[PDB]
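Chemist:
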Amino acid sequence: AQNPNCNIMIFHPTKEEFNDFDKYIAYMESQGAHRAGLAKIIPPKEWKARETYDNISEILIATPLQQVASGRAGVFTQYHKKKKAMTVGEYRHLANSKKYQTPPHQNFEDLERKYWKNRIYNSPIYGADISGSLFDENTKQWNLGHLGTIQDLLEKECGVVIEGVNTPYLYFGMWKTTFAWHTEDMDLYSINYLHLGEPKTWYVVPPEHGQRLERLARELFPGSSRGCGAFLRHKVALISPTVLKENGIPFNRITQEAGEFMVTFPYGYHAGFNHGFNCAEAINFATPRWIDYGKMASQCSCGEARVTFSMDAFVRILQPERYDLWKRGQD
Ligand SMILES: O=C(O)CNC(=O)C(=O)O
Ligand SMILES: [Mg+2]
Ligand code: NI
Ligand SMILES: [Zn+2]
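In short: position in the sequence shown from 1, add 1030, done, that's the working numbering.
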């Protein structure tokens, strides 16, 4: 078995290997990359996502989210308070202000220490989940707006034609903005490109060990667990690396820098934080190997998780027993 310790792997494809996206994912899996839950892909030196980022300031963040924490430094939840609209130029100025800017630090490990010590005492503002793309239309390789769709994959594998669409999302971050512990909708893959700015640190649990994280989460968040049998689908719970180590949960960590891709694999729990002002683009995708994970994915039916239009068909076809209850949660 390849990669039996489930380490995060880093790949350096050549420009020739960068042509065929599906083929390269399958290659990475042949080397055991999926066992980690997360992989890094450094694009060939010839490649670029677009020519410059000089003209992005007028993008609108219609609903910036202030991420307010509750709990203790290593075990907390966050809720999202909606703020008034602002442009990317206005948000960048805010990120750089004395109130929100990255503190002085020695290196990424020092900044990580400071994040876990101090996150809960601040409420950073995240421009998340903005439909759109920063890839130039002429970028033909690893263009996250030109991937094969999940609906087409389901149709190719299973023969069933379904409604729905699959488009990318932009994320504008600042220091301390946080992504809570989660797997993707329907335990899909994700791919995330850091277009510009400061890094993003990731934590990940190997897919084969995801239920260990779920059992810890039920212990640490006992009211939430009584409320919902899949409350990590709410995307609000944080657990620090120190607490994971104290409870024996297997995990790994890595920092993504501008110009780098990350891929999350089916049922790879992940969480993380931004170092400073940045912009990322991400989208879900599927392969043949996902179908079995989609059939087994947990679902939130309590009403909290509320998701896209296109998840309806995935539940309806892959999980017809669960469909009626899940749809009630959506309505
Ligand atoms: O960058 C973020 O805030 C969160 N991204 C992801 O969870 C992802 O790409 O799967
Ligand atoms: Mg603009
Ligand atoms: Ni994710
Ligand atoms: Zn729920």
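For each residue, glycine too, the CB sits at the ideal point set by N, CA and C.
1. Assign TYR1109 to buried or exposed, taking buried as 16 or more other Cβ atoms, counted over all protein chains shown, within 10 Å of its Cβ.
2. Could you check if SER1163 belongs to the surroundings of ligand 1, using beta carbon to heavy atom distance under 7 angstroms?
3. Among the residues of its own chain, which have a CB less than 6 angstroms from the CB of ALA1092, if the five just before and after it don't count?
4. Any heavy atom of ligand 3 closer than 7 angstroms to the beta-carbon of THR1169?
5. Is there at least one non-hydrogen atom of ligand 4 closer than 7 angstroms to the beta-carbon of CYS1309?
6. Where do the N-terminal and C-terminal ends of the beta strand (DSSP E) with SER1100 fall, by residue?
7. On the CB-based measure, 16 or more other CB atoms within 10 Å of its CB, does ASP1217 come out buried or exposed?
8. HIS1110 lies in the beta strand (DSSP E); which residues open and close that run?
9. Is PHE1209 near ligand 6, judged by its Cβ being under 7 angstroms from some heavy atom?
10. Does DSSP put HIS1123 in a helix, in a strand, or in coil?
11. Taking the continuous beta strand (DSSP E) assigned at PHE1209, which residues delimit it?
12. What is the chain-ordered set of residues for which the beta carbon lies under 7 angstroms from any non-hydrogen atom of ligand 2?
13. When we look at the beta-carbon of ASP1140 and count the other beta-carbons within 10 Å, is it buried (16 or more) or exposed?
14. Mind listing, in chain order, the continuous alpha helix (DSSP H) runs of no fewer than 4 residues lying wholly within the region 1272-1329?
15. Just tell me which of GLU1047, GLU1142, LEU1226 and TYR1199 has its CA closest to the CA of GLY1289.
16. Would you check whether ligand 3 has a heavy atom nearer than 7 angstroms to the C-beta of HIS1212?
17. Starting from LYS1070 and walking both ways along the beta strand (DSSP E), at which residues does that stretch end?
18. Starting from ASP1159, trace the alpha helix (DSSP H) both ways and give me its first and last residue.
19. I want to know whether the region 1292-1309 touches the region 1065-1073 - three or more CB-CB distances under 8 angstroms.
20. Taking the Cβ atom as the reference point for each residue, do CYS1258 and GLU1334 lie within a distance shorter than 8 angstroms?
21. Just checking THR1294 against ligand 3 - is the residue's beta carbon closer than 7 angstroms to any of the ligand's heavy atoms?
Modeler: Let me lay it out:
1. For this step, residue 1109 is matched to residue 79 along the sequence shown. By the beta-carbon neighbour count (other beta carbons within 10 angstroms, threshold 16), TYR1109 is exposed.
2. Along the sequence shown, read from residue 1 onward, the residue named residue 1163 stands at position 133. No, ligand 1 has no heavy atom inside 7 angstroms of this Cβ.
3. On the sequence shown, residue 1092 is found 62 positions in, with the first residue counted as 1. Closer than 6 angstroms at Cβ, skipping near neighbours: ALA1115.
4. By 1-based counting over the sequence shown, the position of residue 1169 is 139. In this structure, the C-beta of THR1169 stays at least 7 angstroms away from each heavy atom of ligand 3.
5. Here residue 1309 refers to the residue found at position 279 when the sequence shown is read from its first residue. Checking the Cβ of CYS1309 against ligand 4 gives no.
6. Your numbering for residue 1100 matches position 70 in the sequence shown. Element bounds for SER1100: 1095-1102.
7. Numbered from its first residue, the sequence shown carries residue 1217 at position 187. Its Cβ being crowded by 16 or more others within 10 Å, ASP1217 is buried.
8. Locating residue 1110 in the sequence shown gives position 80, counting from the first residue. Following the DSSP letters along the chain, one finds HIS1110 inside the beta strand (DSSP E) bounded by residues 1105-1112.
9. Among the ligands present in this structure, namely ligand 1, ligand 2, ligand 3 and ligand 4, ligand 6 is not found.
10. Translated into the one-based positions of the sequence shown, residue 1123 becomes position 93. DSSP places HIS1123 in helix when its eight states are reduced to three.
11. The count along the sequence shown starts at 1 and reaches residue 1209 at position 179. Per DSSP, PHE1209 belongs to the beta strand (DSSP E) from 1208-1212.
12. Qualifying residues, in the order they occur: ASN1085, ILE1086, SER1087, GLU1088, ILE1089 and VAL1118.
13. Residue 1140 sits at position 110 when you count from the first residue of the sequence shown. The residue in question, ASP1140, is exposed, as its Cβ has fewer than 16 Cβ neighbours within 10 Å.
14. Here the runs fully enclosed are 1320-1326.
15. Numbered from 1 along the sequence shown, position 259 holds the residue referred to as residue 1289. Among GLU1047, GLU1142, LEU1226 and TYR1199, the Cα nearest to that of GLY1289 is on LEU1226.
16. Residue numbering aside, residue 1212 sits at position 182 when the sequence shown is read from its first letter. Answer for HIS1212: yes, Cβ within range of ligand 3.
17. One-based indexing of the sequence shown puts residue 1070 at position 40. 1068-1071 is the extent of the beta strand (DSSP E) around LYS1070.
18. Translated into positions along the sequence shown, residue 1159 becomes position 129. Per DSSP, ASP1159 lies in no alpha helix (DSSP H); the unbroken beta strand (DSSP E) holding it starts and ends at 1155-1161.
19. Because the criterion of three Cβ pairs below 8 angstroms is met, the region 1292-1309 and the region 1065-1073 touch.
20. The sequence position of residue 1258 within the sequence shown is 228, counting from 1. The sequence position of residue 1334 within the sequence shown is 304, counting from 1. Cβ atoms of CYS1258 and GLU1334: closer than 8 angstroms.
21. Taking the sequence shown and counting its residues from 1, the one referred to as residue 1294 is at position 264. True, at least one ligand heavy atom lies under 7 angstroms from that Cβ.
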